[PDB]
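Before any questions on how it binds or moves, here is one chain, the form deposited in one PDB entry, in structure tokens.
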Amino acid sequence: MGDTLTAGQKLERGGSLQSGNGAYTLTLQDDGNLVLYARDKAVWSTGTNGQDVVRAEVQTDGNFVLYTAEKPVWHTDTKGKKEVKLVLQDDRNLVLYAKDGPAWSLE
């Protein structure tokens, strides 16, 4: 990406900045950590390693920010079901159907 990130531009997993003299590289890593390297030595980081960071973005309100991926606060825990559909029924029950039958409901 060069040595500059302007308002509304962002770094994503794998991408980076590099100084003109090619000595330093700042890169947002897949372990989620934004790390600056002097050659192959890390000299500074966002300490966000082990987090799921998706982007490091120079925002248009002038703020540079790292965002973690959207996380699940609630689920039906039916992962593994095939051909699911959720149906709000006339009997007032909400039901998650699956190829192999009703997978979930309110009750």
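When you see a residue number, it is the position in the sequence shown, counting from 1.
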Looking only at CA atoms, which has the higher mean B factor in the entry: 14 to 22 or 79 to 87? 79 to 87
Between 30 to 38 and 70 to 78, which has the higher average C-alpha B-factor in the PDB entry? 70 to 78
Of the three thirds of Cα B-factor ranks in this chain, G101 occupies the highest
Taking the entry's C-alpha B-factors for this chain, is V65 in the lowest, middle or highest third? lowest
Lowest, middle or highest third: where is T46 by C-alpha B factor in its chain? lowest
